[PDB]
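Enquirer: Here is my input; please provide its structure:
(6 chains, ligands or ions: 7)
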Amino acid sequence: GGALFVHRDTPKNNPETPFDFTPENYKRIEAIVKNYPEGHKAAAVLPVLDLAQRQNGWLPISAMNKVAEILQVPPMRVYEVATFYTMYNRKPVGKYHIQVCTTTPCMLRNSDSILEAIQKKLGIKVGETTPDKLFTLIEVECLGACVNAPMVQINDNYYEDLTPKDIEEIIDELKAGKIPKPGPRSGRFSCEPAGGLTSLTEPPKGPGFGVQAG
Amino acid sequence: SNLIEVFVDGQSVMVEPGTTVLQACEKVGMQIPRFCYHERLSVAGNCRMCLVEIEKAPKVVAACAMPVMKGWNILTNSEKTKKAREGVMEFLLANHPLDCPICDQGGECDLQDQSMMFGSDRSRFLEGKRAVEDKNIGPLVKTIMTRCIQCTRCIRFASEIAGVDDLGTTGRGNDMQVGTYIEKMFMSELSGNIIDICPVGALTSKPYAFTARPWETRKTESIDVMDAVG
Amino acid sequence: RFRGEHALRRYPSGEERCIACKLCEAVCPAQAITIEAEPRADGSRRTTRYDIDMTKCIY
Amino acid sequence: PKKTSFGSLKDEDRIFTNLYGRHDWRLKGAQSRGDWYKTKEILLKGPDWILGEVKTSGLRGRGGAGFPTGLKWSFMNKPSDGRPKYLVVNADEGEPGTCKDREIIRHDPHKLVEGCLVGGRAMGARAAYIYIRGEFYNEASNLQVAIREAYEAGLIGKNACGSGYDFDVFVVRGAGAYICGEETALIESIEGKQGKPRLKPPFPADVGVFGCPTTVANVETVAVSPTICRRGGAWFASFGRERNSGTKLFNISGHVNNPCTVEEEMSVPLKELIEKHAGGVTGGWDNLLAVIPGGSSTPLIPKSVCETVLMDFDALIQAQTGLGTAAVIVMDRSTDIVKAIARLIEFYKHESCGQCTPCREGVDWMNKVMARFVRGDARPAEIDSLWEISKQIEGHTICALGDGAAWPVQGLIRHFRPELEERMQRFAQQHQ
Amino acid sequence: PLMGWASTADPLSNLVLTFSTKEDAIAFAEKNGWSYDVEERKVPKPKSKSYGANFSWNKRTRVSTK
Amino acid sequence: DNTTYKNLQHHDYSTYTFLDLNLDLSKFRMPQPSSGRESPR
Ligand SMILES: Cc1cc2nc3c(=O)[nH]c(=O)nc-3n(C[C@H](O)[C@H](O)[C@H](O)COP(=O)(O)O)c2cc1C
Ligand code: SF4
Ligand code: SF4
Ligand code: SF4
Ligand code: SF4
Ligand code: FES
Ligand code: FES
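Expert: Numbering: from 1, shown residues only, chains lettered A, B, ... in the order given. Ligands and ions are numbered 1, 2, ... in the order given. Structure as follows:
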């Protein structure tokens, strides 16, 4: 299309670029493949390729061909799966991959202020990996954590109910390397009403009430 | 006995239990306009031009893959259908280049035929018109992918019949490119035939190139040599 | 709007504005035109032989 | 029975304890909280009693589908075949302003798993997949821990709960796409092929995951179902109007003080849903502009309507906007709603697949047109063009997303049209 | 040699005559006096396409990429 | 009825533990069917 962040092709530079799984990781992949009925075994392409991106921060095309080899599937399905889904990044990123929900009530919640504050505090524009390494900034659509005030994502974590000052706090904590507590902050610990802790306040019922007359 | 009465415009016809809708309309002479469906290729819901209304039924059903229970009455010219066809044709013509002068299939391409004989007469939607990076493939197949309607024919053929399995789609929304992701040459026996299956001018014959034009040429029956299959 | 003789035109920085698309030949009510188009060096398409019979031509 | 009064809630009769992340999260905590109690007697009591139990409850599905569960799960009662059966629990939560599945699967895993087992034995499924949004790594990991607890306890697996039946469960993370949450394309995302939805004439029931009969059901349905079997049928049917009965989560977002998550009676006045549970509308009840009921796919509700309209599938259909996932968002008057809904359209454009031409083209249109409305450089006649675009898209495509992308615009057009042409006109003036 | 348009003495080259049924072809050929040769009509062979057969369990047919 | 958030243990996950727990879930489960073939090809 005309409006795109990055196109999807392999032009050059990684035909043979080395990628190898770790033996323990072969054990892991075997464990994964054991979860599907035989005669298919192609269902594991997506989880195994996930794993590839997991141990190697970004997958080169040699990783795609390699997974296709491990599962003995035509590689074009591997490339296809790699492009069609958002998780997989086919281009290298930094150690920390920053993701913000700009769409809807996060958007209604001032999250744009969060984005701008990030761009200034880090000092770079959107979509560009920072000079040196380890910080990348892209906005993603709804991540599902919503009632908690506008959320930002770092690798496998949810920072919820985020004000710009605390954004700066987190970012500098990552500059030092100490990863802050994942859970949402400024009260609201684990998705609650801030004021009342309303609805159920009572001790939960035991294994009763189930009489059923049977 | 393993036959089913199903009306077409009130005209009954006896068909087999599990023949498609499009076939059932073929039997009485209706040819429902279509793209991605092809006689030799497995069914897909991509083109959406096959839509047809069945009375008493609120939604329009796709005639390609819909099996025919007993007693369906298939109204081809019902207003809802024609509106559906005009719609689908419009959305297809939304993003398409104007290549008909340069394009090789100008005397043939089914977008022009079905465009006149079905779709609406005037377009809309000014700001728009995405473009696609073209991809060289073989010496045989000249490739301009901007004209691609993304109808999945070439894929299904290469997979099932050709057996190479090297063609696919990568993308979402507006942006889906149909072809090799790694820019590999695709060449095989039977590969050239793909230029007949591409319904639009996306794929065409490289050596035949620009030389000719369909209406000007005189077709002549013949046989083949160089292969004992006759 | 007067109709004289059949000049071909080209773009500024002349490209041979003719694309070879065959239409002018296709609608010719006297059939008198000829177009044969071989893709040239640049890969763009122009006409090899583009002919008219002003005899046959009804203007 | 329960008369027109609804929205009054009774604690200790609720379904989900711990939803706020309290007390003890384990098989031991959930054990003492009532999960997995007598459940062997359910499974040995037979499938038909479970099915008839759900139908007696008359509960309705989730995810905005609104279909009755007893039928969907009743399809699988077909005499068995040489091919296995599965239970696919949908853990994906798409659309904005929701949080629906996340909080449940985090704070009460064993209820979800127990639901999976009860449904599996009910329809005869061999195993239960759970496909979760890949964003949820930590969450689904907690799910892994709880499932491991279930196997170590011998609670599921071979001879689950010591019963005469064995039911395994598997869990698969997602690849991070919205349409993976759709009933059908989910199947093939499990199959490893890029997720795109199948045509409906083959049903998921008839030909499912790996081509074998299976069903798809949301975390709410599956998770609540075993306790539905343990509450006695009509008990659950006590709440809500007899058309749509029982309880459901309502996750309030948008602009209100204390946006949060609660569980309520099915039928509730939206006004009460705001007042007596989550804070209040910022700036007062009169400061609201419009409210989006349920999922983002649902059309707008104007003030004078949402004031009087309760929360019900059928009642909201009377409001012309079908109910979504029940997580509602509200909008300040100060905000520009055209920008909000336009951005929502951008969400739909970025999440969709390229099979049906009508979404992959039309939704492009509505993106660019809605952006033009944001800048207001269009002309007044064009809004109706946008309408007929939405109509010609709706109903012509495979999945509901295409339909789901048509409704919001239509909503914005119906009530708020006169708000457009003043922005149209002030662009005419300001620009010329 | 002046231009190179194709040329012939073949006054009958460009004729074509549309007939409804073959009996009318042989009829007009017989009657009109010049010898003829008939080719037999061919049609598409009736097929069974079941969309579900794309996804089937043990059957070799399965659609990759769909 | 002490009020404290008790899932704090989930903050302790590096990015392996999901799949590693899948490894720890090895066996414990019925062998799944073979269909008719090794691969659909
Ligand atoms: C566009 C679209 C989005 C969907 N999003 C979700 C989702 O976020 N979560 C989910 O569990 N199911 C989702 N579904 C699937 C529905 O849950 C499914 O149609 C149905 O509700 C499952 O049956 P149930 O109501 O018994 O759970 C989606 C379906 C479509 C078409
Ligand atoms: S593909 Fe068809 S519609 Fe498009 S330029 Fe070629 S002839 Fe015209
Ligand atoms: S290249 Fe041609 S055959 Fe292939 S999807 Fe595009 S239009 Fe269809
Ligand atoms: S072939 Fe004829 S109609 Fe086409 S560009 Fe040339 S002069 Fe014009
Ligand atoms: S409407 Fe769009 S997203 Fe949905 S199945 Fe069709 S092509 Fe895919
Ligand atoms: S033939 Fe039915 S969708 Fe193309
Ligand atoms: S709206 Fe931002 S996370 Fe759902």
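Enquirer: Quick check: residue D:404 vs residue D:385, distance?
Expert: 21 Å (C-beta to C-beta, to the nearest Å). For every residue, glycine as well, the C-beta is placed using N, CA and C.
Enquirer: Same check on residue A:138?
Expert: Residue A:138 is 33 Å from residue D:385, by C-beta to C-beta.
Enquirer: what's the burial count for the residue of chain A found nearest ligand 5?
Expert: Residue nearest to ligand 5 within chain A: residue A:84 (11.2 Å; C-beta to the nearest ligand atom). Neighbourhood size, residue A:84 [other C-beta atoms under 10 Å in any protein chain shown]: 27.
Enquirer: distance between whatever helix or strand residue D:101 lives in and the chain's centre?
Expert: Using DSSP states H and E, residue D:101 maps to helix D:100-107. Relative to its chain's centre, helix D:100-107 lies at 12 Å (C-alpha atoms, centre = their mean, to the nearest Å).
Enquirer: mind saving the C-alpha coords of that helix as PDB?
Expert: Extracted in PDB, the C-alpha atoms of helix D:100-107 (Å, rounded to 0.1, in the frame of the first residue of the first chain):
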ATOM      1  CA  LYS D 100     -12.700  -9.200  29.400                       C
ATOM      2  CA  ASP D 101     -10.700 -12.400  29.200                       C
ATOM      3  CA  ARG D 102      -7.400 -11.000  30.700                       C
ATOM      4  CA  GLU D 103      -8.500 -10.500  34.200                       C
ATOM      5  CA  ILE D 104     -10.400 -13.800  34.400                       C
ATOM      6  CA  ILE D 105      -7.600 -15.900  33.100                       C
ATOM      7  CA  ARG D 106      -5.200 -14.100  35.400                       C
ATOM      8  CA  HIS D 107      -7.000 -14.400  38.700                       C
END
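Enquirer: Give the full set of residues in contact with the residue positioned nearest the centre of chain F.
Expert: When C-alpha atoms, centre = their mean is applied to chain F, the residue found nearest the centroid is residue F:22 (3.5 Å). Neighbour list for residue F:22: A:28, A:31-32, A:35, D:144, D:171 [criterion: C-beta atoms under 8 Å, 6 or more residues apart in numbering or on different chains].
Enquirer: So which residues of chain A form strands?
Expert: Remark: strands assigned in chain A by DSSP state E are A:96-101, A:135-140, A:152-153.
Enquirer: Out of these, flag the one nearest chain E.
Expert: Proximity to chain E (C-beta to the nearest C-beta) singles out strand A:135-140 among the strands of chain A, at 25.8 Å.
Enquirer: And ligand 7, is the closest one touching that?
Expert: No - using C-beta under 6 Å from any ligand atom, strand A:135-140 never reaches ligand 7; the gap is at least 9.0 Å.
Enquirer: got the CA coordinates for that strand in PDB?
Expert: Extracted C-alpha coordinates of strand A:135-140, given in PDB (Å, rounded to 0.1, in the frame of the first residue of the first chain):
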ATOM      1  CA  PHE A 135      15.300   1.300  22.600                       C
ATOM      2  CA  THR A 136      12.700   1.000  19.800                       C
ATOM      3  CA  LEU A 137       9.500   2.900  19.700                       C
ATOM      4  CA  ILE A 138       6.400   1.800  17.700                       C
ATOM      5  CA  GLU A 139       2.700   2.200  18.500                       C
ATOM      6  CA  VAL A 140       0.500  -0.900  18.400                       C
END
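Enquirer: Residue of chain E nearest ligand 6, please.
Expert: Residue of chain E nearest ligand 6, by C-beta to the nearest ligand atom: residue E:51 (9.4 Å).
Enquirer: Please apply the same query to chain C.
Expert: residue C:21 (29.6 Å).
Enquirer: SS state for residue B:52?
Expert: strand (DSSP: H, G, I helix; E, B strand; the rest coil).
Enquirer: returning to what we had before: what about the residue of chain E closest to ligand 6, neighbour count?
Expert: Neighbour number of residue E:51 under other C-beta under 10 Å is 23.
Enquirer: Which residue, other than its chain neighbours, is closest to it?
Expert: Take residue E:51 and drop its neighbours on the chain: the residue closest to it by C-beta to C-beta, 6 or more residues apart in numbering or on different chains is residue B:65, 3.8 Å away.
Enquirer: Could you do residue A:11 as well?
Expert: Closest residue to residue A:11 apart from its sequence neighbours, by C-beta to C-beta, 6+ apart: residue B:183 at 7.4 Å.
Enquirer: Okay, and that neighbour sits in which element?
Expert: Assessed by DSSP H and E, residue B:183 sits outside every helix and strand.
Enquirer: so who does it touch?
Expert: A:9-11, B:135-136.
Enquirer: and the gap between it and residue D:99?
Expert: Distance from residue B:183 to residue D:99, by C-beta to C-beta: 43 Å.
Enquirer: rewinding a little: check the secondary structure at the residue nearest to residue E:51 for me.
Expert: Under three-state DSSP, the three-state class of residue B:65 is coil.
Enquirer: burial of it, as a residue count?
Expert: Neighbour number of residue B:65 under other C-beta under 10 Å is 25.
Enquirer: so does stretch D:139-148 get close to chain F?
Expert: Yes - legend: contact between stretch D:139-148 and chain F by C-beta under 8 Å from any C-beta of the partner chain is shown at D:140-142, D:144-145, D:147-148.
Enquirer: ok, back up a step: greatest separation within the contacts of residue B:183: which pair is it?
Expert: Largest separation among the contacts of residue B:183 by C-beta to C-beta: A:10 and B:136, giving 14.6 Å.
Enquirer: Tell me which of the two has more neighbours.
Expert: Just comparing residue A:10 and residue B:136: by other C-beta under 10 Å the higher neighbour count belongs to residue A:10, 17 against 13.
Enquirer: Quick check: that one touching residue A:61?
Expert: Yes - assessed by C-beta atoms under 8 Å, residue A:10 is found in contact with residue A:61 at 4.9 Å.
Enquirer: any common contacting residues for these two?
Expert: Listed as contacting both residue A:10 and residue A:61 by C-beta under 8 Å, 6+ apart are A:90, B:182.
Enquirer: what about the closest residue to residue A:137 other than its chain neighbours, neighbour count?
Expert: Counting by C-beta to C-beta, 6+ apart, residue A:137 lies nearest to residue A:98, which is 4.9 Å off, once chain neighbours are set aside. Applying other C-beta under 10 Å, we find 25 residues neighbouring residue A:98.
Enquirer: residues contacting residue A:98?
Expert: A:118, A:135-138, A:152-154.
Enquirer: Which one of the residues you listed is nearest to ligand 1?
Expert: Nearest to ligand 1 among the contacts of residue A:98: residue A:153, at 17.9 Å, using C-beta to the nearest ligand atom.
Enquirer: so the spatially most central residue of chain C, which of the three states?
Expert: By C-alpha atoms, centre = their mean, the mean C-alpha position of chain C lies nearest to residue C:50, the distance being 5.3 Å. Counting by three-state DSSP, the backbone at residue C:50 sits in strand.
Enquirer: neighbours around the nearest residue to it once chain neighbours are set aside, how many?
Expert: Counting by C-beta to C-beta, 6+ apart, residue C:50 lies nearest to residue C:35, which is 5.6 Å off, once chain neighbours are set aside. For residue C:35, the count of nearby residues is 19 (other C-beta under 10 Å).
Enquirer: Also residue A:188?
Expert: Other residues within reach of residue A:188, judged by other C-beta under 10 Å, total 20.
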